[PDB]
Amino acid sequence: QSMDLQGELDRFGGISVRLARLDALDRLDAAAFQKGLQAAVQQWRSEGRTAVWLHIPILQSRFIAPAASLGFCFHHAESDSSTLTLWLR
Amino acid sequence: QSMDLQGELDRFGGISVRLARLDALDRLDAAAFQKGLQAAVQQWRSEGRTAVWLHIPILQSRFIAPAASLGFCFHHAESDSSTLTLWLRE
């Protein structure tokens, strides 16, 4: 198998990933994340999820560009974190 | 012989740095940017500038965490770019 992103389903059929839960110790390599996020996104499409949300603390921003390469864009940012989203259907 | 960050002086005595300008070909190493940013801020602080605003296209987000390590925080982030800031007047 492969990387468990610990996605939380919301009431609108969407799914949320927080990097503070997934990589609590800030030890996760960006390329490995890209690989896990790519595989997760493929899975979440074929189960008819509506959207994916990625919440990324500022010091963990290494995860943004690889997410972006997969379609994610900025929704908003607080001073110390950002939230990215990918619309699915 | 420090790296030129190609800062743009605004009308309020602050500096804008735009990664679309500084690294148009998307070839600049994140660590090299950090070292250059650090030095640039020393210079800007010494010359009494107001603040720094960093504009960073989304695919170039490797530059954020290093900026953050020097005290920058998000100002705004939407769509395919984000903006970071560091207030210099203490």
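A note on names: the letters A, B, ... follow the listed sequences, proteins ahead of strands, and every chain is numbered from 1. What's counted below: heavy atoms across the whole structure, side chains too, no hydrogens, waters or symmetry copies.
Options A:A30, A:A67, A:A68 differ in how many heavy-atom pairs under 4.5 Å they form with chain B, and the most are formed by A:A68.
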Show the pairs of one donor and one acceptor atom, one from chain B and one from chain A, lying under 3.5 Å apart.
from  : atom 1 : to    : atom 2 : distance (Å)
B:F74 : N      : A:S79 : O      : 2.9
B:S79 : N      : A:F74 : O      : 2.9
B:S79 : O      : A:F74 : N      : 2.9

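Residues satisfying the ring pair (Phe, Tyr, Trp, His ring centres under 6.0 Å) test with B:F74, not counting sequence neighbours, are none.
Only the backbone of B:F72 comes within contact range of chain A, with heavy atoms under 4.5 Å apart.
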